[PDB]
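Structure, as structure tokens:
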There are 2 protein chains.
Amino acid sequence: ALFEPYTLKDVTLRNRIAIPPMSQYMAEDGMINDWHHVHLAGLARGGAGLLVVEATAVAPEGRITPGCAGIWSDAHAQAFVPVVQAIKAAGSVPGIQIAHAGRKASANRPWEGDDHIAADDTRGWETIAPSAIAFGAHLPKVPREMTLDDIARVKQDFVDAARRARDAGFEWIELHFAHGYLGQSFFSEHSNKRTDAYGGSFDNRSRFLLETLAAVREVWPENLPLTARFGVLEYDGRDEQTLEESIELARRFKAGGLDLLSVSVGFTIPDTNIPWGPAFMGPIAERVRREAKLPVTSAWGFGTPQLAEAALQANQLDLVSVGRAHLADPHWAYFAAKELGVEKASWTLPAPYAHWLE
Amino acid sequence: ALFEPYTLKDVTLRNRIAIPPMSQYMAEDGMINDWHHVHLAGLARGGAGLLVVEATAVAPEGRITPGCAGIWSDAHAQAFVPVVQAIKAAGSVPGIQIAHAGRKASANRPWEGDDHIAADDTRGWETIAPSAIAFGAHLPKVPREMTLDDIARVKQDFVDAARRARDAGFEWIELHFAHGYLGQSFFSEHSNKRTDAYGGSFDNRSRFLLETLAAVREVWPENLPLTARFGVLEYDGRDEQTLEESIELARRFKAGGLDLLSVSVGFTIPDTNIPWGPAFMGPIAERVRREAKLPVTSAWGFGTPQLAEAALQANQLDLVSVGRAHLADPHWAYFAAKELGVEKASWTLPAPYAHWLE
Ligand SMILES: Cc1cc2nc3c(=O)[nH]c(=O)nc-3n(C[C@H](O)[C@H](O)[C@H](O)COP(=O)(O)O)c2cc1C
Ligand SMILES: Cc1cc2nc3c(=O)[nH]c(=O)nc-3n(C[C@H](O)[C@H](O)[C@H](O)COP(=O)(O)O)c2cc1C
Ligand SMILES: O=c1ccc2ccccc2o1
Ligand SMILES: O=c1ccc2ccccc2o1
Ligand SMILES: O=c1ccc2ccccc2o1
Ligand SMILES: O=c1ccc2ccccc2o1
Ligand SMILES: O=c1ccc2ccccc2o1
Ligand SMILES: O=c1ccc2ccccc2o1
């Protein structure tokens, strides 16, 4: 099942293996470079059906860190063009995740402290969010409460980013509404304490996300998959109520033209108890898929090829996202094809490799 | 031992893992392209101490196939510059193998027949060699016997190639005197039937190789390793006599400034019986190392990390060359570091990978 193709709108993936967005923290002032080119091109040649580029900020302040990729100008977008073209030459579908880190912005690279940047560090910047409340823990900075104009500006930033992504040749877009960043923080009552149209009720908390989706849909081609990543629960002791609301929003996403949902955990606050384990998201993704009638992918521990295969056969997932295993071995799809007994497994790879590995 | 550094002349490799030349057959009219850039850069980031670029023809007719890389003009050399710079940025030493395919030239890509190109195929060309005798089998073309001017011209081609390699920034050069191509074919009595100064006696058969080495040494910096690959036996029933002469030539190579010998099998003729097996070259490489007092590397089946480690501990090898395992997994050095219990094995890789794999 892992090596059956998948067709969504006009796009066909050669298999069900997706490489999820994985931030590299190697960009400079948002501009990607040869780190990203070789990294992504090498992954595409590894055999995966879909490669989703790391979180790419729609605005400078929406980067997580000083090394995050950005697409907030045409020059930033044009930098993606040769990379997109290399992914395509390798036969993988190029996708990109567009993002805004919200209150989690202005942080250090994970191997450089992983924490909010010190006040007098010239690299740092003010963060913005639905409400002036800090994440806490290693991210204690209190964000600035967004004005209605801020909200309009960020929505337009998402539109501009999607427009650029389209024109750079991406065939698959993913709105980053997960992992506690801006979009996730608008939906969660933990972080959203607004009393205007963007806070309070379920309708109001959903509003930012739904409007951003609608605005993006105006510029993103109908025949190319339009997707999002969304944390559907927090493991914060409110899981049944949170999952119910998240599934309801997924229904609204679908009605608003969303083709597939990448199902994640919220990470909106630090005080949680996540039951980490191989493929632990499987049952959650399946419930979203069933109850919203929407294709899904998810991640965490699917680098064991048999787990990926089991998830697909059980219809918990439509695509299986495999992250860290691809940092370890960019040719993981070849490893998986062998593990699963695929005919001519070496031809998961391009000829100059496949010929010799048969 | 596999992860101890190695210093040769002014060059220091971060470990004893070498990626040997592996032809990609993806070049056009000798010019390399983004296939080679991403392929080589990705390998460099995988952790290997030394990356030797595939056989690169010193002249158009010295390509094995229409897809082989070339360095027979300054424009061909300049194309290597960004690749060399990427290898260095990744902390690997960039080397290159310069070559002339001799009677084995003008062949199809291995996945396109692997045989001599048909007479009326517009891609083909006349081959040149010490004597007009065919390899046989899948390479039945009779080469043209080289004139003394041909020999002068090819030596100068090797000099020009080494000069270009130097200027492109390579830190390690390997003369391809192995695998039945031009250099190997001059040394072997099977293929060299000349009656002039370049044939007959051991001195005469060695001459082409020794003069080419001397000529190259004039332009290749003294402080950068000067090496060659050389088939030391054929498994043709003449192994003791052939090994004795090959070791004698290795002594002459050393006296003439050779820093390290990549020990191989000759492949000069098809009628042989090679005892293929994991690390089977080990005992042969050790005998050359001992009897010529010269550092060596070799290859074939060392992708099993424990075999690589054993070879080094037994002083059979100074560097271990690992080829096909790197086509399967460009991050093989990381796999090896884990297998061998290296401290902080993930940091065999660059930070954007290592941080997450610890
Ligand atoms: C280095 C790294 C970078 C990541 N970057 C992103 C990102 O930019 N956006 C995102 O939504 N998830 C990101 N993730 C989360 C992954 O997409 C994925 O969900 C996670 O690694 C779990 O899958 P795995 O066990 O196969 O690695 C990242 C994960 C890692 C390890
Ligand atoms: C695809 C491929 C290309 C190769 N190209 C070259 C080459 O250009 N020059 C050379 O001397 N050897 C070449 N070789 C031989 C390798 O360098 C090496 O000796 C051989 O693969 C055995 O090592 P291994 O078992 O680790 O693969 C090539 C081997 C392969 C599989
Ligand atoms: O959305 C994200 C962005 C970055 C990241 C890094 C490590 C782990 C998870 C992550 O999720
Ligand atoms: O799988 C492939 C096959 C061919 C190719 C050519 C150039 C660049 C990347 C490529 O990837
Ligand atoms: O194949 C791999 C290798 C390492 C690793 C580390 C963390 C998570 C997943 C991983 O997968
Ligand atoms: O010198 C060489 C050049 C190419 C090659 C291809 C496959 C196997 C061995 C080889 O050796
Ligand atoms: O190992 C590395 C570390 C950094 C780096 C930067 C640019 C290109 C390649 C690189 O490789
Ligand atoms: O790791 C590997 C995987 C495949 C393979 C095939 C032939 C020779 C060596 C190999 O090494």
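Note on naming: letters A, B, ... go to the chains in the order of the sequence lines (proteins, then strands), and numbering restarts at 1 for each one. Note that these values count all heavy atoms, side chains included, but never hydrogens, waters or copies made by symmetry.
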Basic-acidic side-chain contact under 4.0 Å: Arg238(A), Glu189(A)
yes
Taking atom CZ of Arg14(A) and atom OG1 of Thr348(A), what is their separation to the nearest 0.5 Å?
8.5 Å
Taking NZ, NE, NH1 and NH2 as the nitrogens, is one of them in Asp149(A) or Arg153(A) under 4.0 Å from a carboxylate oxygen of the other?
no
Parallel, tilted or perpendicular: which one describes the rings of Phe335(A) and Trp332(A), with boundaries at 30° and 60°?
tilted
To the nearest 0.5 Å, tell me how far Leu249(A) CG sits from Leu213(A) CG.
9.0 Å
Between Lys344(B) and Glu358(B), does any NZ, NE, NH1 or NH2 come within less than 4.0 Å of an OD or OE carboxylate oxygen?
no
Parallel, tilted or perpendicular: rings of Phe208(A) and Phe186(A) (30°, 60°)
parallel
Indicate the ring-plane relationship of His331(A) and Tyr353(A), choosing parallel, tilted or perpendicular according to the 30° and 60° boundaries.
tilted
Dump the intermediate steps for salt bridge (charged side-chain N to carboxylate O under 4.0 Å, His left out) on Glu240(A) and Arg287(A), then the final yes or no.
CA-CA 12 Å; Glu240(A) 188 55 35; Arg287(A) 177 175 164 184; 2.8 Å; yes
Kindly compute the distance separating CZ (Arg109(A)) from CG (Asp114(A)), expressed to the nearest 0.5 Å.
12.0 Å
With a 4.0 Å cut-off on N to O distance, would you call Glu28(A) and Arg63(A) a salt bridge?
no
Can you check whether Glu4(A)'s main-chain N or O pairs, donor with acceptor, with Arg16(A)'s side chain at less than 3.5 Å?
yes
Is a salt bridge present between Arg163(A) and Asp74(A), judged by a nitrogen-to-oxygen distance below 4.0 Å?
yes
Between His100(A) and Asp157(A), do the side chains contain an N or O donor and an N or O acceptor separated by less than 3.5 Å?
no
Kindly assign one of parallel, tilted or perpendicular to the pair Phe202(A) and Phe187(A), based on the angle between their ring planes and the thresholds 30° and 60°.
perpendicular
Going by the angle between their ring planes, with limits at 30° and 60°, are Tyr235(A) and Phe280(A) parallel, tilted or perpendicular?
tilted
Nearest 0.5 angstrom please: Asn108(A) CG to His116(A) NE2, how far?
10.0 Å
Count the heavy atoms of every other residue, nucleotide or ligand shown that sit under 6.0 Å from CG of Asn223(A), and state whether that count exceeds 12.
yes
With distance as the sole criterion, is a donor-acceptor pair present between the side chains of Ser131(A) and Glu145(A) under 3.5 Å?
no
Rounded to the nearest 0.5 angstrom, the OG-CZ distance for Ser188(A) and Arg205(A) is 8.0 Å
Parallel, tilted or perpendicular: which fits the ring planes of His76(A) and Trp72(A), with parallel below 30° and perpendicular above 60°?
tilted
Residues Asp203(A), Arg252(A): salt bridge by 4.0 Å N-O rule:
yes
Exercise: do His179(A) and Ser264(A) side chains pair donor with acceptor under 3.5 Å:
yes
What I want to find out is whether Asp259(A) reaches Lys9(A) closely enough, with some N-O distance under 4.0 Å, to be called a salt bridge.
yes
Quick check: are there more than 12 heavy atoms from other residues, nucleotides or ligands sitting under 6.0 Å from CD of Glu244(A)?
no
Audit row: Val288(A), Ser246(A), side-chain contact (heavy atoms from CB on, under 4.5 Å) steps and yes/no
CA-CA 9 Å; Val288(A) 172; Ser246(A) 304; over 6 Å; no
I'd like to know whether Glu222(A) forms a salt bridge (charged side-chain N to carboxylate O under 4.0 Å, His left out) with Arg217(A), so could you lay out the CA-CA distance, the side-chain angles of the two residues, the decisive distance to 0.1 Å, and finally the verdict.
CA-CA 8 Å; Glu222(A) 218 56 43; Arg217(A) 192 192 192 181; 3.4 Å; yes
Any side-chain donor paired with an acceptor under 3.5 Å for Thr12(A) and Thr7(A)?
yes
Under a plain distance cut-off of 3.5 Å, with no hydrogens placed, do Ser321(A) and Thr297(A) share a side-chain donor-acceptor pair?
yes
Would you call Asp318(A)-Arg289(A) a salt bridge at under 4.0 Å N-O?
yes
